[PDB]
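Residue numbers (the deposited numbering): 79 to 165.
I have placed the structure first, in the form of structure tokens, so that the comments after it can refer back to it.
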């Protein structure tokens, strides 16, 4: 587990496929990272990480729509706090 800080300037923002559902008691996680984007820019985020927080926020209580909306509604430095709990 660690905080993945990414700098945003001119490109788009993020570039990863997350998935989660507090309803099913499942925290947000990574399911498909992309290249040529912020994800591959930090070179520190592989399928299996659990996004439990972002930009100092708690994603432990925010449906996948709140995580995707919380990740899409951000700017500048993005601290993607995740926890490696795969397998």
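The C-beta atom is built at its ideal place from N, Cα and C for all residues, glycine as well.
Does the region 114–121 come close enough to the region 141–148 to have 3 or more Cβ pairs within less than 8 Å? Contact between the region 114–121 and the region 141–148 is absent, with fewer than three C-beta pairs closer than 8 Å.
Cα-Cα, which of 162, 138, 134 is closest to residue 152? Here residue 152 is taken as the residue at index 74 of the chain shown, counted from 1. Nearest of 162, 138, 134 to residue 152, Cα basis: 134.
DSSP beta-bridge partners for residue 122? Locating residue 122 in the chain shown gives position 44, where the first residue counts as 1. Answer is none; residue 122 lacks a bridge partner.
Unbroken beta strand (DSSP E) run spanning residue 158, endpoints: If you number the chain shown from 1, residue 158 lands on position 80. Segment 156–162, the beta strand (DSSP E) holding residue 158.
Buried or exposed (CB count within 10 angstroms, at least 16 for buried), residue 89: Walking along the chain shown from the start, residue 89 turns up at place 11. Exposed, by the Cβ-count rule.
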